[PDB]
Amino acid sequence: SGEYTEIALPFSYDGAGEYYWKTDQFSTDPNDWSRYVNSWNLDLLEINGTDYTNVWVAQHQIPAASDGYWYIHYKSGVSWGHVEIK
């Protein structure tokens with residue numbers, strides 16, 4: 001199903017583009033405040049089919065998928081659009 005490319009942390013992309021990636025590397029640990037995630041310029045950002053583009057989130061806040069992965073969607077909107085996943 002889909003087209004999920006595998007990505008390793010810390011990761012980043014830039015410029016407008018629609019994408020879908022997968023990772024097995026989120027920290028589960030509530031003291032790992034340095035392993036956080038943020039965006040704003042992106043038009044749409046989702047984990048496992050549910051949106052988080054409006055906010056920051058910590059990797060230890062995000063529940064895993066049915067197989068134990070995290071799957072991450074991204075979308076085009078602006079030519080200077082940045083992101084980073086810690």
# chains A, B, ... in the order shown; residues from 1 in each chain; ligands from 1
>>> select_by_dssp(residues="chain A", states="strand (DSSP E or B)", output="VMD selection string")
chain A and resid 5 to 6 11 to 14 19 to 23 36 to 38 45 to 47 50 to 51 57 to 58 70 to 74 82 to 85
>>> write_last_selection(atoms="N, CA, C and O atoms", output="compact mmCIF listing (two decimals), in the first residue's frame")
# COMPACT_ATOMS: atom_id res chain seq x y z
N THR A 5 8.66 5.83 1.62
CA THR A 5 10.14 5.82 1.62
C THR A 5 10.62 5.81 3.08
O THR A 5 10.06 6.51 3.93
N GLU A 6 11.66 5.04 3.40
CA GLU A 6 12.22 4.97 4.76
C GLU A 6 13.20 6.12 5.07
O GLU A 6 14.15 6.37 4.31
N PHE A 11 16.08 14.27 10.68
CA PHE A 11 15.76 14.40 9.24
C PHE A 11 15.18 15.79 8.94
O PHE A 11 14.54 16.40 9.79
N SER A 12 15.32 16.29 7.70
CA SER A 12 14.77 17.57 7.24
C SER A 12 14.59 17.61 5.71
O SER A 12 15.29 16.92 4.97
N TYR A 13 13.65 18.44 5.23
CA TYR A 13 13.41 18.72 3.79
C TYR A 13 13.05 20.21 3.63
O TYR A 13 12.63 20.86 4.59
N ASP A 14 13.24 20.76 2.42
CA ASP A 14 12.91 22.16 2.08
C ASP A 14 12.50 22.49 0.63
O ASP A 14 12.95 21.85 -0.33
N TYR A 19 4.91 14.61 -0.21
CA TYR A 19 5.71 13.42 0.12
C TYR A 19 5.06 12.47 1.14
O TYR A 19 4.14 12.89 1.87
N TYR A 20 5.53 11.23 1.26
CA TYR A 20 5.09 10.30 2.30
C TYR A 20 6.24 9.33 2.64
O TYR A 20 6.73 8.55 1.82
N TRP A 21 6.65 9.37 3.91
CA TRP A 21 7.81 8.68 4.48
C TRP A 21 7.42 7.79 5.68
O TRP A 21 6.31 7.89 6.21
N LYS A 22 8.33 6.92 6.13
CA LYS A 22 8.17 6.02 7.29
C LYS A 22 9.43 5.98 8.17
O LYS A 22 10.54 6.05 7.65
N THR A 23 9.24 5.85 9.48
CA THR A 23 10.32 5.74 10.48
C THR A 23 10.01 4.82 11.67
O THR A 23 8.86 4.66 12.05
N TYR A 36 12.16 16.54 19.72
CA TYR A 36 10.86 17.14 19.43
C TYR A 36 10.75 17.39 17.91
O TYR A 36 11.67 17.14 17.13
N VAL A 37 9.60 17.89 17.47
CA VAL A 37 9.22 18.07 16.07
C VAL A 37 8.36 19.34 15.97
O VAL A 37 7.61 19.68 16.89
N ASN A 38 8.49 20.06 14.86
CA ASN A 38 7.86 21.37 14.62
C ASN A 38 7.65 21.61 13.11
O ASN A 38 8.47 21.17 12.30
N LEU A 45 0.50 18.46 7.09
CA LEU A 45 1.40 17.48 7.68
C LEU A 45 0.59 16.52 8.56
O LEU A 45 -0.18 16.97 9.41
N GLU A 46 0.75 15.21 8.37
CA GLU A 46 0.00 14.16 9.09
C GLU A 46 0.89 13.01 9.55
O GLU A 46 1.89 12.69 8.91
N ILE A 47 0.49 12.34 10.64
CA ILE A 47 1.07 11.10 11.15
C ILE A 47 -0.04 10.06 11.15
O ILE A 47 -1.09 10.27 11.76
N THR A 50 -3.56 11.35 10.42
CA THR A 50 -4.10 12.43 11.27
C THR A 50 -3.14 13.62 11.37
O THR A 50 -1.96 13.46 11.68
N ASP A 51 -3.65 14.81 11.08
CA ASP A 51 -2.92 16.08 11.01
C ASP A 51 -2.26 16.62 12.29
O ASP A 51 -2.86 16.56 13.37
N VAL A 57 5.13 19.09 18.41
CA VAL A 57 4.83 17.84 19.12
C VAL A 57 6.14 17.17 19.54
O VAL A 57 7.15 17.28 18.84
N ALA A 58 6.16 16.53 20.70
CA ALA A 58 7.28 15.69 21.12
C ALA A 58 7.11 14.26 20.58
O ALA A 58 6.02 13.70 20.65
N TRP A 70 5.99 4.74 12.71
CA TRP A 70 5.34 6.02 12.40
C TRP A 70 5.42 6.31 10.89
O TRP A 70 6.49 6.18 10.29
N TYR A 71 4.30 6.71 10.27
CA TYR A 71 4.21 7.05 8.84
C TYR A 71 3.85 8.54 8.76
O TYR A 71 2.93 8.99 9.44
N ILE A 72 4.56 9.32 7.93
CA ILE A 72 4.53 10.79 7.91
C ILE A 72 4.24 11.36 6.50
O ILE A 72 5.05 11.17 5.59
N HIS A 73 3.10 12.03 6.33
CA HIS A 73 2.70 12.79 5.12
C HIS A 73 3.09 14.27 5.19
O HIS A 73 2.97 14.88 6.25
N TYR A 74 3.46 14.85 4.04
CA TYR A 74 3.85 16.26 3.87
C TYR A 74 3.25 16.81 2.56
O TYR A 74 3.10 16.04 1.61
N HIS A 82 10.27 24.97 4.99
CA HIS A 82 11.22 24.12 5.71
C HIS A 82 10.52 23.12 6.65
O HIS A 82 9.39 23.37 7.10
N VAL A 83 11.19 22.02 7.01
CA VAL A 83 10.87 21.19 8.18
C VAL A 83 12.08 20.48 8.78
O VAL A 83 13.08 20.28 8.10
N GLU A 84 11.95 20.04 10.03
CA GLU A 84 12.93 19.19 10.72
C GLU A 84 12.29 18.27 11.78
O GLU A 84 11.53 18.71 12.65
N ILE A 85 12.61 16.98 11.71
CA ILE A 85 12.16 15.89 12.58
C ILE A 85 13.35 15.40 13.42
O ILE A 85 14.28 14.83 12.85
>>> closest_residue(among="A:1, A:76, A:41, A:34", to="residue 18 in chain A", atoms="only C-alpha atoms")
A:76
>>> atom_distance(atom1="CA of residue 27 in chain A", atom2="CA of residue 54 in chain A")
21.3 Å
>>> residues_around(residues="residue 53 in chain A", least_positions_apart="6", cutoff="8 Å", atoms="only C-alpha atoms", output="ChimeraX atom specification")
/A:39-40,42-46
